[PDB]
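In structure tokens, the next block holds one chain alone, the form deposited in one PDB entry.
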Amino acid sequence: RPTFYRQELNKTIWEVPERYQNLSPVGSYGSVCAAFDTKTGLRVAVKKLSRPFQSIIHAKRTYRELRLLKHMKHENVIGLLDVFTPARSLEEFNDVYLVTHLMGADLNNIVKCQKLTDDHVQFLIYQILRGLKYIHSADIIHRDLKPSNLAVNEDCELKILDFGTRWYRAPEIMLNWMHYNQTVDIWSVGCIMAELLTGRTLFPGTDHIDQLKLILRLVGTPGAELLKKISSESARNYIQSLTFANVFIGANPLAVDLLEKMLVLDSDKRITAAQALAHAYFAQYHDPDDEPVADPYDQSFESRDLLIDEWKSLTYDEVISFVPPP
């Protein structure tokens, strides 16, 4: 057990291993500080969870977040550098701290409402796709992918985050459809990509209905095959009452082709992440031997209704069993 020290930050007492120095608040689920990790030489973000075991819902959430972070081992997806508790036993366990690489720019910061060059767009979207292939292979769907959930460093390395607008959500998410396909996230990539190419938001809806109307105006009324998949006659009648190489003028035709395959209303006909990686638009970056898939992810916990003390114990087990990455 390393030796811990104490310090007052964000209105509570933080207690961290000595390896972590120069804590400085940076945001506030709880609270985040920047630090320097003297063991590794990395700038890190240390998150101290707020009220992790206050209720059944908080406890399950805490367990979910830890299980997710511990599973994610991939260059383009946020990973866990460390997890700790000052507690010496389960009975003493009340606090969880999570550590990852410090991130200081998201994709909005990278763009600044400027068209990126085509080569740049290829490299960014290639990385998002490469991440999404990995996440989707573990049977995980992000469901709210957007620029603020995409960290980019100074060498233009991108990571998918699950933290920091409805503009990039899939339309079926916006309709509380359920039964989501992993291609919900592909919708979102098409929205991001469009914006990188043009410098403008693709579907800047003012409200929920406005957004849906903008979407229908771009990609058109559902076709016959999609209309068969909607049981409600009223939904159909309403949709019909509401109803690329032109909108993306000047762009690389391979970018337009890809956009057309991602921004498809019918989720069952959207390109998958793995098929998108093999699209010609990415020939300069594509490597089929370096687009890894995840180990299987045991999500049996998600359907469980457990008591607080069991969610806390499971979490404690995951804290103890953590092995830092290479």
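Only the largest set of C-alpha atoms that superpose within 1.5 Å between the two forms is called the rigid core. In case it trips you up, residue 1 is the first one in the sequence shown, and so on.
Only in words, not in the display: the form deposited in another entry, which the text now covers.
S.K.: Which is the one residue in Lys213, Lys115, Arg143, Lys73 whose C-alpha moves 2 Å or more between this form and the one not shown, relative to the superposed rigid core?
M.R.: The one that shifts is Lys115.
S.K.: Once both forms sit on the same rigid core, is the C-alpha displacement of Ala105 at or above 2 Å between this form and the one not shown?
M.R.: False for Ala105: its C-alpha shift is below 2 Å.
S.K.: Taking the rigid core as the reference frame, is the Cα of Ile249 displaced by 2 Å or more between this form and the one not shown?
M.R.: Superposed on the core, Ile249 moves its C-alpha less than 2 Å between this form and the one not shown.
S.K.: Superposing on the rigid core, is the Cα displacement of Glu233 between this form and the one not shown 2 Å or more?
M.R.: Comparing forms between this form and the one not shown, the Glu233 CA shifts at least 2 Å.
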